[PDB]
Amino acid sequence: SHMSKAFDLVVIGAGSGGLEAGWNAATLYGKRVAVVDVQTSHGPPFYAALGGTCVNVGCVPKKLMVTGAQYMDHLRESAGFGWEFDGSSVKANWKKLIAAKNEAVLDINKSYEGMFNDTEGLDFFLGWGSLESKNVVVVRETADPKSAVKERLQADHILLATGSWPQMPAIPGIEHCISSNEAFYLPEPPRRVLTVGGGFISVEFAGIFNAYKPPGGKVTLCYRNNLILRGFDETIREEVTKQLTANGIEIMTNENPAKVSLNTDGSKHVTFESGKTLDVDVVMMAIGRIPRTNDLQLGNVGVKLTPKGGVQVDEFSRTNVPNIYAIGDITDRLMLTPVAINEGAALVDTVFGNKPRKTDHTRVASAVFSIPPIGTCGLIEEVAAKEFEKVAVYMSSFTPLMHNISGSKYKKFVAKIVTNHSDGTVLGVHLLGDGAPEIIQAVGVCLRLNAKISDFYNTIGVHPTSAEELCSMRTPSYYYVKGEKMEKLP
């Protein structure tokens, strides 16, 4: 009972990547696996738990919460199709939303509890995972390396999968701001909220707050640069800015908070770099996420971190110490659950199966649950324009007929296909509007199969759908030649 335990693989982080690897090594290959996490259930104080950032304070609750936010649009848009009810009685109870999310998230926590009790050679250890040596993980009561040892775990192989954490800027009064972590637990919806960042978390939470805000509430999103959502298609960036604007979100571009102080009433006084001021009840920082490397004591074994602070890996998830691997947000690349999952599965097939495999980081389909949402896979046209001599862009944009009736004329569906015009290969596909995230998944499979634009236009539409726009573009709307935009070819 006072003895070290010995394992084929120790995984630090029972999240998206770590649980895929752990489960696969144990049930596909009969390896003996230990999995360390700091908490068995979602919430304060450590927020991520068993199941990772995605289950506890990420993809899962944010989706249930955006689902809730969509009803403000449904209730309003119902009028146009003939629905009548007292508009004046309509109230949004945040406490019911939060309590329902809390139950859904705890159920997944509990299902995970049972997986670990039941499955041979897959064990759960509660605490903070640190590297003592090439073959020993120590599990401490806290992230403080001086805290009590609960366990020592011998591992032939060690998987680093501790994920990421919110980045807080060093500004005066930062202690009066929150991250996405605390947002999930606010006991009441803020009347006034600044969400700081042009990234998918700022935009997603702005929509949530915008819908659950009490009477006379206001949601402000601020971003240091000119146009939110860097990395996504410029048409889609511009349009989702109009659509957030049209739903009563104030977008402050080229603005950045310099300091936060309390007003005498407990509210927050934000001073921007520009000298502008805003009073809010909540300042949610969402300016980025950083690899959680601190607490691992990587120094003890000399695991190399990148310039940026991520664990350096090759294509096979291998650090500079052989037998020590890193996957998911700790590698500080694409910060997505299914990428974490694919990397973990590829790592286990390589180390423990004998089917070596490297995750493909290109043509990865992803979504933004803005209202309305983004669906995207592959290159945006300006990235394409720098790698291929001739890029074609197929664009279709329209107001869905249903929104001529709903009264939401402002909800432009946008569908964009980017091709290598030399040979028709689809490089990239971008969608804005309802069902964009469900449309784009299958588009992922197409691109992995090197679909050309003719493979798309030769497929017969399903009518009536938004999706059918993708099988209806025969003529490029414009081109890039040698990196330069033009309606026509010379």
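A residue's number is simply how far along the shown sequence it sits, counting from 1. Each form is matched to the other, and the largest set of C-alpha atoms that superpose within 1.5 Å is called the rigid core.
Comparing 364-372 with 302-310 by root mean square Cα distance to the shown form in 8 other deposited structures of this protein, with the rigid core used for the fit, gives 302-310 as the more displaced stretch. Core-fitted comparison in 8 other deposited structures of this protein shows that, between 349-357 and 384-392, the CA atoms farther from the shown form belong to 349-357. Stretches 216-224 and 381-389 differ in mean C-alpha B factor, with the higher average recorded for 381-389.
Stretches 345-353 and 122-130 differ in mean CA B factor, with 345-353 having the higher one.
Residues shown: 397, 210, 162, 180. Highest C-alpha temperature factor in the entry: 397. Between the residues 198, 288, 328, 87, it is 87 that shows the highest Cα B-factor in the PDB record. Per the PDB record, residue ranking by Cα B-factor puts residue 76 in the lowest third of the chain. In this PDB entry, residue 458 carries a Cα temperature factor that places it within the highest third of its chain's modelled residues. Compared with the other modelled residues of the chain, the Cα B-factor recorded for residue 451 ranks in the highest third. In the deposited entry, the Cα temperature factor of residue 375 places it in the lowest third of its chain's modelled residues. When the modelled residues of the chain are ordered by their C-alpha B factor, residue 43 lands in the middle third.
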